[PDB]
Amino acid sequence: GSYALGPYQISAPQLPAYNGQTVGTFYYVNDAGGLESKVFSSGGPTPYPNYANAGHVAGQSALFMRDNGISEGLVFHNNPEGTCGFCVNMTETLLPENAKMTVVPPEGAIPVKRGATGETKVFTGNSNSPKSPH
DNA sequence: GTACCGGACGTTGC
DNA sequence: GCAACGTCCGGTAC
Ligand SMILES: [Mg+2]
Ligand SMILES: [Zn+2]
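Residues numbered from 1 in each chain as written, not as in the entry; some residues may be left out. Chains lettered and ligands numbered in written order. Heavy atoms only, no water.

X-ray crystallography is the method the PDB entry states for this structure, with the resolution given as 2.62 Å.

By the naming in the PDB entry, chain A is Double-stranded DNA deaminase toxin A, taken from Burkholderia cenocepacia.

### As for the UniProt feature "binding site: Zn(2+)" in chain A
The UniProt entry lists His 56, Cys 84 and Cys 87 under the feature "binding site: Zn(2+)", expressed in the numbering used here. The annotated residues occupy 32 residues of the chain but converge on a single region, no pair of C-alpha atoms lying more than 9.0 Å apart. Apart from the residues within four sequence positions on either side, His 56 is in contact with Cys 84 and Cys 87. Along the chain, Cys 84 turns up in the loop between β5 (72–77) and α2 (85–94). Overall, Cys 84 belongs to the buried group, its relative accessible area being 19%. Not counting residues within four places of it along the chain, the set of residues in contact with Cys 84 comprises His 56, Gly 115 and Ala 116. (UniProt positions renumbered as here; feature names shortened; annotations may be inferred. Contact = heavy atoms within 4.5 Å. Helix = DSSP H or I, 4+ residues; strand = E, 2+ residues; numbered from the N terminus. Buried < 20%, exposed > 50% of the residue type's maximum accessible area, 1.4 Å probe, protein only.)

### Here we look at the coordination of the zinc ion (ligand 2)
Coordination sphere of the zinc ion (ligand 2), protein contribution only: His 56 (ND1), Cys 84 (SG) and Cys 87 (SG), at 2.0 to 2.2 Å. Taken together, the 4 donor atoms surrounding the zinc ion (ligand 2) define angles of 96 to 123 degrees at the centre, an arrangement classified as tetrahedral. Summarised as a motif, the one-chain spacing of the donors to the zinc ion (ligand 2) is H-x27-C-x2-C. Considered together, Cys 84 and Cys 87 belong to a single accessibility category, that of buried residues. (Donors = N, O, S within 2.8 Å, 3.2 Å for Na, K, Ca; no water. Tetrahedral: all angles 85-135°; square planar, octahedral: opposite > 155°, others 65-115°.)

### Re the protein's contact with DNA strand B
By nearness alone, every residue bordering DNA strand B is listed as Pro 49, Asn 50, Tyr 51, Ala 52, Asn 89, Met 90, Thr 93, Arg 114 and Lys 131. Restricting the count to atoms of DNA strand B within 4 Å of the protein gives a sugar and phosphate share of 79%. Between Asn 50 and DNA strand B, the recorded distance is 3.3 Å, taken from a backbone N or O atom to a base nitrogen. Separating a base nitrogen of DNA strand B from a side-chain N or O atom of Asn 89 is a distance of 3.4 Å. Partitioned by chemical class, the residues of the surface near DNA strand B number 4 nonpolar, 3 polar and 2 charged. (Near = heavy atom within 4 Å. Polar contact = N/O pair within 3.5 Å; in protein donor to acceptor, adjacent residues only side chain to side chain. Nonpolar A, V, L, I, M, F, W, Y, C, P; charged D, E, K, R; others polar.)

Here is the structure:
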């Protein structure tokens, strides 16, 4: 399908085959009207190791939106197992208040473990901010 | 190499 | 109310 982001109607872009590391592409709209994109990769150092979803594509996207003050965003990833239950329950925490970010798993995704979902999830950030690690 | 630990948030089962 | 459970993660004990 095609998802709306401001005035744009964007579909899923080409992503590398899932090798074991989840790679994703994140789209937003700049303070002018143009469409910008950034690639996020699983792993890497995170400022919140106390949140199990901070190392994921959805968590890195949420933290990016919080840092750069982005209100709307749209991310596509390539993980066939879907979006983990952590990213389901803690994204709105990580996300700044009233920020809208939809996470689109690859089409045809099949969850395996508990909490993982294969459908699109539209998160709405809550007034809660992430707890400091120390 | 395998096997756990662990913060943290909401869900499910009891 | 409480126990298990969820990583795309590192880190620690065998
Ligand atoms: Mg929040
Ligand atoms: Zn996740």
